[PDB]
Amino acid sequence: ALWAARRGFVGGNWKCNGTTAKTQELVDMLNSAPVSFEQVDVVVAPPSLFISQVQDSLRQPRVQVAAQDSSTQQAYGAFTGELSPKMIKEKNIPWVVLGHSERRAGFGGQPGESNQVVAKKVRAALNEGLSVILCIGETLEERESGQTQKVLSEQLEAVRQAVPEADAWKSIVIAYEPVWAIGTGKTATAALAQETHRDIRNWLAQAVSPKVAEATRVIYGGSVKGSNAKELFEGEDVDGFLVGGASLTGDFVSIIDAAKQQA
Amino acid sequence: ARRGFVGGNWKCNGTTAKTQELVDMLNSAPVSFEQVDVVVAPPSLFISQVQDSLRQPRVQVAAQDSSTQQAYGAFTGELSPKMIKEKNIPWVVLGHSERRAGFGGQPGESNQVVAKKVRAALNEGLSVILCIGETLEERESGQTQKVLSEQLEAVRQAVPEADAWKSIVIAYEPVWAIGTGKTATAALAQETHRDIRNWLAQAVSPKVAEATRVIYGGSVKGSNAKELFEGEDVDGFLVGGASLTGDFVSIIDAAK
Ligand SMILES: [Cl-]
Ligand SMILES: [Cl-]
């Protein structure tokens, strides 16, 4: 190699949005995008129904596909409605998103995924050879009462208890999404993102190792747009983005373009 | 005359090649499917492949779950009933005991959550395989009717209109029969199915009671399906492990 630097990363989380035609449109946008993706790992996470269609028509090796969740149940068996990491890997899907705040909160009255459940999913995924976009983030109340570092440490420490081997962390990307920035239009400042991402990297260094700290991409999400991404990416510890609503439009290609440093 | 119904729940089993094999088995099956509704439920990753290659009109596809969140939006890792319907998937399985129990320390789906899923699915034009069933402890302590009534009544509170029940098939799966080899006796299944049908008649309407398929699951095999189907209130089967092999075709043939 010539250089040792963390490669930029942009994930697109489509959430619960998608049809056969809209999937085709997004894939066509990614295939024709007149921006080079050479310097950036790009990952897109369609709803599970549409992943095979994306795998069949995507013609950019530099874009990889992800599932939006992966089961606590690691292998094949009697787990109705669950996609296990072994299934996902054997279907040639290289990435999964785990611990998104929407899944930590839960749906329709069903309790969500605790720190411990997320950690169990992460361990199972890594055991089966997947790479993981691990989501963490504090609430508005936690932020305003000065608890962000304590909270993010608790979320990450649960993952470390389940994945105590440092080598496994090679295939983790951490997505810092403050809950208060999700869907609200309240994008973190460039200064707040950089500060918190550096706290996350200092956590990796103390709890896992300095090597894991230097290699792990820490990406920002929460109201990311083409028009705010370049300023966000000036932070030395901001390695890219996890993109929600903007992943469904042409704005996604502008965000990818922002996750490059040029001389 | 209630039309026979056989569902095949593949559960968390599937690869691209095994999906192809199962679809080839269904396409070449040397039974007529004329007298029986057949539905198969692949993992969500493989549904579109099954939709592309299945060449048996009489077989339809299903998802194994459907979200409490009805439409499109910010629901990471959820498949909404609206999405499922717009992808031309006509059926969903809801309230399977595996999902009521939950996975890996995450709490499972309450009676109320299952009911919310049912209502959302029916609102979007889906048909629903609604799963109910008691535990071994509940069975042995005389609580089967109480438990099944609670599970069904939660759904009725969310779906009080009797017309909406046209698109429900009830799957009775005693938890103690799932994955254990302990198939219910033909007598126990028929008795409980009749209790379930009397519940429909009193709580919903006599018409709903007469039309609703009530299907049995829990260690169903080709070798036990014919005897099970002699029950007047046993309208077919929800098949787990045997849905992954040629034995599934023998089960379909038993529900004629
Ligand atoms: Cl996101
Ligand atoms: Cl089943």
# chains A, B, ... in the order shown; residues from 1 in each chain; ligands from 1

call {"tool": "residues_around", "arguments": {"residues": "residue 92 (chain A)", "least_positions_apart": "2", "cutoff": "12 Å", "atoms": "only C-alpha atoms", "output": "PyMOL selection string"}}
result
(chain A and resi 51-52+54-56+64-67+85-90+94-96+128-131) or (chain B and resi 15-16+45)

call {"tool": "residues_near_ligand", "arguments": {"ligand": "ligand 2", "cutoff": "7 Å", "atoms": "only C-alpha atoms and all ligand atoms", "output": "number ranges by chain"}}
result
B: 9, 217-218, 238-240

call {"tool": "write_last_selection", "arguments": {"atoms": "N, CA, C and O atoms", "output": "JSON list (two decimals), in the first residue's frame"}}
result
[["chain", "number", "residue", "atom", "x", "y", "z"],
["B", 9, "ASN", "N", -44.57, -23.04, 5.84],
["B", 9, "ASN", "CA", -43.79, -21.98, 6.50],
["B", 9, "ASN", "C", -42.35, -22.48, 6.49],
["B", 9, "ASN", "O", -41.96, -23.34, 7.28],
["B", 217, "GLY", "N", -51.35, -27.03, 12.81],
["B", 217, "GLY", "CA", -49.89, -27.21, 12.61],
["B", 217, "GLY", "C", -49.24, -27.68, 13.88],
["B", 217, "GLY", "O", -49.82, -27.57, 14.96],
["B", 218, "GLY", "N", -48.02, -28.20, 13.74],
["B", 218, "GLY", "CA", -47.29, -28.81, 14.89],
["B", 218, "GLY", "C", -46.97, -30.23, 14.56],
["B", 218, "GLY", "O", -47.76, -31.14, 14.83],
["B", 238, "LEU", "N", -50.91, -26.09, 8.58],
["B", 238, "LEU", "CA", -49.76, -25.19, 8.50],
["B", 238, "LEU", "C", -48.52, -26.03, 8.77],
["B", 238, "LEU", "O", -48.40, -26.63, 9.83],
["B", 239, "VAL", "N", -47.66, -26.15, 7.78],
["B", 239, "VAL", "CA", -46.57, -27.10, 7.75],
["B", 239, "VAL", "C", -45.27, -26.36, 7.96],
["B", 239, "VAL", "O", -45.02, -25.38, 7.30],
["B", 240, "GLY", "N", -44.49, -26.82, 8.91],
["B", 240, "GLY", "CA", -43.18, -26.21, 9.21],
["B", 240, "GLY", "C", -42.07, -26.99, 8.50],
["B", 240, "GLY", "O", -41.90, -26.85, 7.30]]

call {"tool": "select_by_dssp", "arguments": {"residues": "region 35-222 of chain A", "states": "alpha helix (DSSP H)", "output": "VMD selection string"}}
result
chain A and resid 51 to 57 85 to 90 101 to 105 115 to 127 140 to 144 148 to 162 190 to 207 210 to 215

call {"tool": "interface_residues", "arguments": {"of": "chain B", "to": "chain A", "cutoff": "8 Å", "atoms": "only C-alpha atoms", "output": "VMD selection string"}}
result
chain B and resid 9 to 16 43 to 48 63 to 65 68 to 69 72 to 80 83 86 to 87 96 98 to 99 103 to 110 113 116 179

call {"tool": "closest_residue", "arguments": {"among": "B:159, B:186, B:152, B:177", "to": "residue 199 (chain B)", "atoms": "only C-alpha atoms"}}
result
B:152

call {"tool": "residues_around", "arguments": {"residues": "residue 167 (chain B)", "least_positions_apart": "5", "cutoff": "9 Å", "atoms": "only C-alpha atoms", "output": "list in words"}}
result
residues 122, 125, 126, 127, 128, 129 and 212 of chain B

call {"tool": "write_last_selection", "arguments": {"atoms": "C-alpha atoms", "output": "mmCIF file, in the first residue's frame"}}
result
data_model
loop_
_atom_site.group_PDB
_atom_site.id
_atom_site.type_symbol
_atom_site.label_atom_id
_atom_site.label_comp_id
_atom_site.auth_asym_id
_atom_site.auth_seq_id
_atom_site.Cartn_x
_atom_site.Cartn_y
_atom_site.Cartn_z
ATOM 1 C CA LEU B 122 -56.305 -6.408 6.363
ATOM 2 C CA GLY B 125 -55.941 -5.794 1.276
ATOM 3 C CA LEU B 126 -53.783 -8.718 2.456
ATOM 4 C CA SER B 127 -55.046 -12.153 3.531
ATOM 5 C CA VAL B 128 -53.739 -13.346 6.914
ATOM 6 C CA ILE B 129 -52.770 -16.723 8.361
ATOM 7 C CA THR B 212 -63.272 -19.507 8.129
#

call {"tool": "closest_residue", "arguments": {"among": "A:163, A:175, A:40, A:224", "to": "residue 136 (chain A)", "atoms": "only C-alpha atoms"}}
result
A:175

call {"tool": "select_by_dssp", "arguments": {"residues": "region 76-152 of chain A", "states": "strand (DSSP E)", "output": "list in words"}}
result
residues 95, 96, 97, 98, 131, 132, 133, 134, 135 and 136 of chain A

call {"tool": "write_last_selection", "arguments": {"atoms": "N, CA, C and O atoms", "output": "CSV table (one decimal), in the first residue's frame"}}
result
chain,number,residue,atom,x,y,z
A,95,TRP,N,-23.1,-6.7,4.1
A,95,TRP,CA,-23.3,-5.8,5.2
A,95,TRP,C,-24.6,-5.9,5.9
A,95,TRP,O,-25.6,-6.3,5.2
A,96,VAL,N,-24.7,-5.6,7.2
A,96,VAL,CA,-25.9,-5.4,7.9
A,96,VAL,C,-25.9,-4.1,8.7
A,96,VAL,O,-24.8,-3.7,9.3
A,97,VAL,N,-27.0,-3.4,8.9
A,97,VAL,CA,-27.2,-2.3,9.8
A,97,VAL,C,-27.8,-2.9,11.1
A,97,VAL,O,-28.8,-3.7,11.1
A,98,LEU,N,-27.2,-2.6,12.2
A,98,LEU,CA,-27.7,-3.1,13.5
A,98,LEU,C,-27.8,-2.0,14.6
A,98,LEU,O,-26.9,-1.1,14.6
A,131,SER,N,-19.9,-7.8,7.6
A,131,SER,CA,-19.6,-6.5,8.2
A,131,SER,C,-20.8,-5.7,8.7
A,131,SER,O,-21.9,-6.0,8.2
A,132,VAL,N,-20.7,-4.9,9.7
A,132,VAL,CA,-21.7,-4.3,10.5
A,132,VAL,C,-21.6,-2.8,10.6
A,132,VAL,O,-20.6,-2.3,10.9
A,133,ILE,N,-22.7,-2.1,10.2
A,133,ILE,CA,-22.9,-0.7,10.6
A,133,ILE,C,-23.6,-0.7,11.9
A,133,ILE,O,-24.8,-0.9,12.0
A,134,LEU,N,-22.8,-0.4,13.0
A,134,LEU,CA,-23.4,-0.4,14.3
A,134,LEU,C,-23.8,1.0,14.7
A,134,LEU,O,-23.0,1.9,14.8
A,135,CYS,N,-25.1,1.2,15.0
A,135,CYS,CA,-25.7,2.5,15.3
A,135,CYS,C,-25.7,2.7,16.8
A,135,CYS,O,-26.1,1.9,17.6
A,136,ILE,N,-25.3,3.9,17.2
A,136,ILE,CA,-25.4,4.4,18.6
A,136,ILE,C,-25.9,5.8,18.6
A,136,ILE,O,-25.8,6.5,17.6

call {"tool": "atom_distance", "arguments": {"atom1": "CA of residue 250 (chain B)", "atom2": "CA of residue 95 (chain B)"}}
result
26.1 Å

call {"tool": "residues_around", "arguments": {"residues": "region 202-211 of chain B", "least_positions_apart": "5", "cutoff": "12 Å", "atoms": "only C-alpha atoms", "output": "number ranges by chain"}}
result
B: 1-4, 149-150, 152-157, 159-170, 193-197, 232-233, 235

call {"tool": "write_last_selection", "arguments": {"atoms": "N, CA and C atoms", "output": "short mmCIF file (atom, residue, chain, number, x, y, z; two decimals), in the first residue's frame"}}
result
data_model
loop_
_atom_site.label_atom_id
_atom_site.label_comp_id
_atom_site.auth_asym_id
_atom_site.auth_seq_id
_atom_site.Cartn_x
_atom_site.Cartn_y
_atom_site.Cartn_z
N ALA B 1 -69.25 -25.66 1.91
CA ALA B 1 -67.99 -26.39 1.75
C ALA B 1 -66.77 -25.47 1.89
N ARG B 2 -65.98 -25.64 2.95
CA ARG B 2 -64.77 -24.84 3.05
C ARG B 2 -63.73 -25.51 2.19
N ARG B 3 -63.12 -24.75 1.32
CA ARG B 3 -61.97 -25.19 0.56
C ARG B 3 -60.75 -25.52 1.47
N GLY B 4 -60.14 -26.66 1.23
CA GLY B 4 -58.91 -27.09 1.92
C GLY B 4 -57.80 -26.08 1.77
N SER B 149 -59.19 -18.09 23.29
CA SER B 149 -60.20 -17.03 23.23
C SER B 149 -59.56 -15.64 23.39
N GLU B 150 -58.59 -15.50 24.32
CA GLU B 150 -57.89 -14.23 24.54
C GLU B 150 -57.14 -13.83 23.28
N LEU B 152 -57.68 -14.72 20.09
CA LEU B 152 -58.65 -14.35 19.07
C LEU B 152 -59.44 -13.06 19.38
N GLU B 153 -59.84 -12.89 20.65
CA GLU B 153 -60.56 -11.69 21.05
C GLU B 153 -59.75 -10.41 20.88
N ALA B 154 -58.43 -10.45 21.13
CA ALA B 154 -57.58 -9.27 20.89
C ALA B 154 -57.67 -8.88 19.43
N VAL B 155 -57.64 -9.86 18.54
CA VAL B 155 -57.80 -9.56 17.10
C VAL B 155 -59.17 -9.00 16.78
N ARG B 156 -60.22 -9.56 17.35
CA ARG B 156 -61.58 -9.02 17.16
C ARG B 156 -61.75 -7.56 17.63
N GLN B 157 -61.09 -7.20 18.73
CA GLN B 157 -61.14 -5.79 19.22
C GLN B 157 -60.53 -4.83 18.22
N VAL B 159 -60.26 -5.71 14.88
CA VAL B 159 -60.99 -5.96 13.65
C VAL B 159 -62.43 -6.37 14.02
N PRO B 160 -63.25 -5.42 14.46
CA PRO B 160 -64.59 -5.79 14.88
C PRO B 160 -65.57 -6.08 13.75
N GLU B 161 -65.27 -5.68 12.53
CA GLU B 161 -66.21 -5.88 11.41
C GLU B 161 -66.12 -7.29 10.90
N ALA B 162 -67.23 -8.00 10.88
CA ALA B 162 -67.25 -9.41 10.52
C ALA B 162 -66.85 -9.60 9.04
N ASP B 163 -67.19 -8.66 8.14
CA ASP B 163 -66.78 -8.81 6.73
C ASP B 163 -65.25 -8.95 6.53
N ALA B 164 -64.48 -8.29 7.35
CA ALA B 164 -63.00 -8.31 7.23
C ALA B 164 -62.42 -9.72 7.50
N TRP B 165 -63.11 -10.49 8.32
CA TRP B 165 -62.76 -11.86 8.63
C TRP B 165 -62.79 -12.82 7.43
N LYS B 166 -63.38 -12.42 6.30
CA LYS B 166 -63.32 -13.21 5.07
C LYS B 166 -61.89 -13.58 4.63
N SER B 167 -60.93 -12.72 4.93
CA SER B 167 -59.57 -12.89 4.48
C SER B 167 -58.65 -13.44 5.58
N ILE B 168 -59.22 -14.06 6.63
CA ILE B 168 -58.49 -14.73 7.69
C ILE B 168 -58.62 -16.24 7.59
N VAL B 169 -57.48 -16.91 7.75
CA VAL B 169 -57.40 -18.36 7.97
C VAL B 169 -56.74 -18.50 9.34
N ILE B 170 -57.31 -19.29 10.22
CA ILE B 170 -56.74 -19.45 11.54
C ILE B 170 -55.86 -20.72 11.56
N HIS B 193 -60.33 -27.47 17.36
CA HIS B 193 -60.80 -26.71 16.20
C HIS B 193 -62.30 -26.40 16.31
N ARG B 194 -63.08 -27.33 16.81
CA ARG B 194 -64.51 -27.09 17.02
C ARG B 194 -64.75 -25.99 18.11
N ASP B 195 -63.94 -25.96 19.16
CA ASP B 195 -63.98 -24.89 20.15
C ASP B 195 -63.67 -23.53 19.53
N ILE B 196 -62.68 -23.50 18.67
CA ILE B 196 -62.30 -22.29 17.96
C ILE B 196 -63.48 -21.83 17.07
N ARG B 197 -64.11 -22.78 16.38
CA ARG B 197 -65.23 -22.43 15.47
C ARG B 197 -66.46 -21.97 16.27
N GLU B 232 -64.02 -32.96 10.86
CA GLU B 232 -64.92 -32.07 10.17
C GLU B 232 -64.50 -30.57 10.32
N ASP B 233 -63.83 -30.21 11.42
CA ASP B 233 -63.37 -28.84 11.65
C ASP B 233 -61.89 -28.58 11.38
N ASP B 235 -59.49 -28.03 8.55
CA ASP B 235 -59.65 -27.62 7.11
C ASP B 235 -58.35 -27.68 6.31
#

call {"tool": "closest_residue", "arguments": {"among": "A:225, A:59, A:260, A:230", "to": "ligand 1", "atoms": "only C-alpha atoms and all ligand atoms"}}
result
A:225

call {"tool": "residues_around", "arguments": {"residues": "residue 132 (chain B)", "least_positions_apart": "6", "cutoff": "7 Å", "atoms": "only C-alpha atoms", "output": "MDAnalysis selection string"}}
result
chainID B and resid 95 148 151 171:173

call {"tool": "write_last_selection", "arguments": {"atoms": "N, CA, C and O atoms", "output": "tab-separated table (two decimals), in the first residue's frame"}}
result
chain	number	residue	atom	x	y	z
B	95	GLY	N	-48.53	-13.63	14.08
B	95	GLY	CA	-48.65	-14.23	15.39
B	95	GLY	C	-48.18	-15.67	15.60
B	95	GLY	O	-48.60	-16.30	16.55
B	148	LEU	N	-56.82	-19.45	23.98
B	148	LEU	CA	-57.16	-19.26	22.56
B	148	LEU	C	-58.21	-18.14	22.40
B	148	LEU	O	-58.10	-17.31	21.49
B	151	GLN	N	-56.43	-14.77	22.66
B	151	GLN	CA	-55.67	-14.47	21.42
B	151	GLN	C	-56.58	-14.02	20.29
B	151	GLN	O	-56.30	-13.02	19.62
B	171	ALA	N	-54.62	-20.61	12.04
B	171	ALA	CA	-53.78	-21.74	12.24
B	171	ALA	C	-53.67	-22.05	13.73
B	171	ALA	O	-53.13	-21.25	14.47
B	172	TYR	N	-54.17	-23.20	14.14
B	172	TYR	CA	-54.04	-23.67	15.48
B	172	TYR	C	-52.78	-24.51	15.57
B	172	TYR	O	-52.74	-25.59	14.98
B	173	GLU	N	-51.78	-24.01	16.29
B	173	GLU	CA	-50.52	-24.76	16.52
B	173	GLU	C	-50.24	-24.85	18.01
B	173	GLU	O	-49.76	-23.90	18.57

call {"tool": "closest_residue", "arguments": {"among": "B:6, B:36, B:101, B:50", "to": "residue 21 (chain B)", "atoms": "only C-alpha atoms"}}
result
B:50

call {"tool": "decode", "arguments": {"residues": "region 35-71 of chain B", "atoms": "N, CA and C atoms", "output": "mmCIF file, in the first residue's frame"}}
result
data_model
loop_
_atom_site.group_PDB
_atom_site.id
_atom_site.type_symbol
_atom_site.label_atom_id
_atom_site.label_comp_id
_atom_site.auth_asym_id
_atom_site.auth_seq_id
_atom_site.Cartn_x
_atom_site.Cartn_y
_atom_site.Cartn_z
ATOM 1 N N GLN B 35 -58.467 -28.718 -5.810
ATOM 2 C CA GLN B 35 -59.383 -28.670 -4.667
ATOM 3 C C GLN B 35 -58.787 -28.005 -3.397
ATOM 4 N N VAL B 36 -57.568 -27.482 -3.471
ATOM 5 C CA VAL B 36 -56.824 -27.027 -2.273
ATOM 6 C C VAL B 36 -56.098 -25.718 -2.564
ATOM 7 N N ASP B 37 -56.248 -24.749 -1.682
ATOM 8 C CA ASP B 37 -55.435 -23.530 -1.694
ATOM 9 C C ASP B 37 -54.083 -23.873 -1.087
ATOM 10 N N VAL B 38 -53.017 -23.624 -1.818
ATOM 11 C CA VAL B 38 -51.682 -23.793 -1.311
ATOM 12 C C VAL B 38 -51.005 -22.435 -1.180
ATOM 13 N N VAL B 39 -50.392 -22.184 -0.001
ATOM 14 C CA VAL B 39 -49.605 -20.974 0.171
ATOM 15 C C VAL B 39 -48.229 -21.342 0.722
ATOM 16 N N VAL B 40 -47.155 -20.752 0.181
ATOM 17 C CA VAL B 40 -45.815 -20.927 0.727
ATOM 18 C C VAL B 40 -45.214 -19.621 1.204
ATOM 19 N N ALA B 41 -44.478 -19.720 2.330
ATOM 20 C CA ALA B 41 -43.930 -18.531 3.000
ATOM 21 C C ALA B 41 -42.397 -18.657 3.071
ATOM 22 N N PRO B 42 -41.697 -18.193 2.006
ATOM 23 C CA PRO B 42 -40.226 -18.099 2.037
ATOM 24 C C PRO B 42 -39.753 -16.989 2.928
ATOM 25 N N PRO B 43 -38.474 -17.011 3.350
ATOM 26 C CA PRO B 43 -37.893 -15.844 3.978
ATOM 27 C C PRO B 43 -37.991 -14.671 2.999
ATOM 28 N N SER B 44 -38.124 -13.451 3.540
ATOM 29 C CA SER B 44 -38.414 -12.283 2.700
ATOM 30 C C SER B 44 -37.374 -12.067 1.564
ATOM 31 N N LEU B 45 -36.116 -12.448 1.816
ATOM 32 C CA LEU B 45 -35.044 -12.346 0.822
ATOM 33 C C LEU B 45 -35.281 -13.066 -0.499
ATOM 34 N N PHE B 46 -36.042 -14.168 -0.441
ATOM 35 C CA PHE B 46 -36.302 -15.108 -1.550
ATOM 36 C C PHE B 46 -37.702 -14.998 -2.179
ATOM 37 N N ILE B 47 -38.571 -14.112 -1.644
ATOM 38 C CA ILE B 47 -39.928 -14.019 -2.162
ATOM 39 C C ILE B 47 -39.967 -13.702 -3.640
ATOM 40 N N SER B 48 -39.207 -12.713 -4.081
ATOM 41 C CA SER B 48 -39.273 -12.296 -5.469
ATOM 42 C C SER B 48 -38.813 -13.379 -6.453
ATOM 43 N N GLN B 49 -37.847 -14.195 -6.049
ATOM 44 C CA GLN B 49 -37.391 -15.343 -6.855
ATOM 45 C C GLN B 49 -38.515 -16.384 -7.001
ATOM 46 N N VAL B 50 -39.224 -16.633 -5.924
ATOM 47 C CA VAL B 50 -40.358 -17.560 -5.950
ATOM 48 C C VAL B 50 -41.466 -16.968 -6.890
ATOM 49 N N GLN B 51 -41.776 -15.687 -6.726
ATOM 50 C CA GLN B 51 -42.731 -15.005 -7.630
ATOM 51 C C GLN B 51 -42.325 -15.071 -9.104
ATOM 52 N N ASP B 52 -41.053 -14.969 -9.394
ATOM 53 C CA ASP B 52 -40.577 -15.055 -10.801
ATOM 54 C C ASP B 52 -40.633 -16.435 -11.442
ATOM 55 N N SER B 53 -40.435 -17.504 -10.658
ATOM 56 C CA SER B 53 -40.289 -18.860 -11.209
ATOM 57 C C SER B 53 -41.445 -19.810 -10.935
ATOM 58 N N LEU B 54 -42.353 -19.450 -10.046
ATOM 59 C CA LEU B 54 -43.479 -20.323 -9.743
ATOM 60 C C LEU B 54 -44.462 -20.285 -10.911
ATOM 61 N N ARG B 55 -44.892 -21.469 -11.357
ATOM 62 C CA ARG B 55 -45.666 -21.718 -12.609
ATOM 63 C C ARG B 55 -46.871 -22.626 -12.277
ATOM 64 N N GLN B 56 -47.389 -22.496 -11.091
ATOM 65 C CA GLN B 56 -48.529 -23.278 -10.582
ATOM 66 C C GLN B 56 -49.437 -22.112 -10.134
ATOM 67 N N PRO B 57 -50.533 -21.825 -10.886
ATOM 68 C CA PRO B 57 -51.415 -20.715 -10.461
ATOM 69 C C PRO B 57 -52.006 -20.928 -9.062
ATOM 70 N N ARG B 58 -52.268 -22.197 -8.772
ATOM 71 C CA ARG B 58 -52.882 -22.573 -7.519
ATOM 72 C C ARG B 58 -52.004 -22.344 -6.293
ATOM 73 N N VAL B 59 -50.689 -22.119 -6.482
ATOM 74 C CA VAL B 59 -49.810 -21.762 -5.362
ATOM 75 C C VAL B 59 -49.620 -20.219 -5.288
ATOM 76 N N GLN B 60 -49.834 -19.660 -4.093
ATOM 77 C CA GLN B 60 -49.585 -18.273 -3.855
ATOM 78 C C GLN B 60 -48.431 -18.099 -2.866
ATOM 79 N N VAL B 61 -47.858 -16.896 -2.782
ATOM 80 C CA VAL B 61 -46.757 -16.658 -1.845
ATOM 81 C C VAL B 61 -47.187 -15.820 -0.635
ATOM 82 N N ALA B 62 -46.435 -15.957 0.464
ATOM 83 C CA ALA B 62 -46.661 -15.220 1.713
ATOM 84 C C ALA B 62 -45.382 -14.676 2.329
ATOM 85 N N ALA B 63 -45.479 -13.564 3.085
ATOM 86 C CA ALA B 63 -44.408 -13.191 3.976
ATOM 87 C C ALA B 63 -44.644 -13.882 5.350
ATOM 88 N N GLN B 64 -43.572 -14.089 6.115
ATOM 89 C CA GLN B 64 -43.635 -14.706 7.471
ATOM 90 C C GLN B 64 -44.018 -13.778 8.643
ATOM 91 N N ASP B 65 -44.198 -12.489 8.347
ATOM 92 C CA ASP B 65 -44.542 -11.446 9.355
ATOM 93 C C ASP B 65 -44.859 -10.231 8.561
ATOM 94 N N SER B 66 -45.432 -9.223 9.232
ATOM 95 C CA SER B 66 -45.807 -7.960 8.627
ATOM 96 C C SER B 66 -45.832 -6.908 9.748
ATOM 97 N N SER B 67 -45.381 -5.680 9.488
ATOM 98 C CA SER B 67 -45.164 -4.710 10.541
ATOM 99 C C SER B 67 -46.456 -4.176 11.174
ATOM 100 N N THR B 68 -46.357 -3.776 12.451
ATOM 101 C CA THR B 68 -47.385 -2.915 13.056
ATOM 102 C C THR B 68 -47.523 -1.587 12.330
ATOM 103 N N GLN B 69 -46.476 -1.166 11.632
ATOM 104 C CA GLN B 69 -46.444 0.103 10.906
ATOM 105 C C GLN B 69 -47.023 -0.157 9.529
ATOM 106 N N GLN B 70 -48.147 0.498 9.237
ATOM 107 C CA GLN B 70 -48.983 0.094 8.105
ATOM 108 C C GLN B 70 -48.466 0.457 6.758
ATOM 109 N N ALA B 71 -47.858 1.632 6.626
ATOM 110 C CA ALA B 71 -47.583 2.216 5.308
ATOM 111 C C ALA B 71 -46.063 2.393 5.131
#
